[PDB]
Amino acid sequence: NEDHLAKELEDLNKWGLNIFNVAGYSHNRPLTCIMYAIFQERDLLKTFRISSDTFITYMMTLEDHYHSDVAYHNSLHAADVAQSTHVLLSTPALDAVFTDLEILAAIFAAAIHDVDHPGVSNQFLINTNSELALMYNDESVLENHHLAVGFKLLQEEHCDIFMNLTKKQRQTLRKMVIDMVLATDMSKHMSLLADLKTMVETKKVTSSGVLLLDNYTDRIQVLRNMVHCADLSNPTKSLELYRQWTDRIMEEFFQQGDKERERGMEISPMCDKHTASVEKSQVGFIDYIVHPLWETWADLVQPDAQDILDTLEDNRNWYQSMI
């Protein structure tokens, strides 16, 4: 059990760590396990003076606020996005670019980015006049909610993992976490990608081949896009992992479609279990959203995302051939 978990964690810094196996060998606590592994690996507990007790207590409470009965948006997805963000932060083209605070903020943002997900989209909550949609004026409804829950849990007993940060560090980390979690709202996708394309068109590179960022706006725009990339990373993983993610998301999508049908609402795209094709949906999703994003990311950090983009294109063509 312990030796098996240790074997899986040999791939902690690698794309396509088997987070499903990590969940199995950690007794369904992948987020707490992988976050403790990541924080020890990066010396984040030492650097920001976080005790193991305080970190574990917060992470266990955070993981408890992910819904076990939802198929996709549970703590396994959060753990996957955190570990993928951890890998993207160590991409050679971004070496020595980001501060320790920015690294902390990105991994934390990824860990909390879907906390307390009900298993339905923003459009469902807007169209049903949900309390959450009312609270946030239909704007990034769930993403605002994820931030609210993630931050409020820091105020629980023995849970303030940012207690030993400076005042300016706490204020700046709050801003950056908000930016990165809000960047997972699909409504901001086209604007984020447009900014990413602009940075690629006007990128400054060193002799060693490292990206140069002049100001805070350029840094946060890359970090926003990084977490967005990590959130949309399932199709870029090895096919056996990607197929498992596809099974989970379609189960959650069909459950929303069932709720929409019984309420007498119009069923959302990819959510009608009677008519929808899993294979067509993935190919369409890759072509219009995931591939444009990752191709632009690959251009920013060239050649570091070459195998990732190749995997995305191979998985796209495989799924297309199964239509």
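Each residue number is its position in the shown sequence, starting from 1. If you superpose the two forms and keep the largest set of C-alpha atoms that fall within 1.5 Å, you have the rigid core.
Once the structures in 8 other deposited structures of this protein are superposed via the core, the pair 157-165 and 141-149 is resolved in favour of 157-165 as the more displaced stretch (C-alpha RMS).
In summary, of the stretches 14-22 and 298-306, 14-22 shows the greater Cα distance from the shown form in 8 other deposited structures of this protein, with structures fitted on the rigid core. 312-320 and 1-9 differ in mean CA B-factor, and the higher of the two is recorded for 1-9.
For the pair 196-204 and 226-234, the mean Cα B-factor is higher in 196-204. Across the residues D179, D114, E157, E102, the deposited record lists the maximum Cα B factor for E157. Going by the entry's values, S130 shows the largest Cα B-factor out of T166, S130, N144, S75. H86: CA B factor in the lowest third of modelled residues in this chain (values from the PDB entry). Split the chain's modelled residues into thirds by C-alpha temperature factor. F253 is in the highest one. When the modelled residues of the chain are ordered by their C-alpha B factor, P30 lands in the lowest third. When all modelled residues of the chain are sorted by CA temperature factor, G119 is found within the middle third.
In the deposited entry, the Cα temperature factor of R174 sits in the bottom third of values across the chain's modelled residues.
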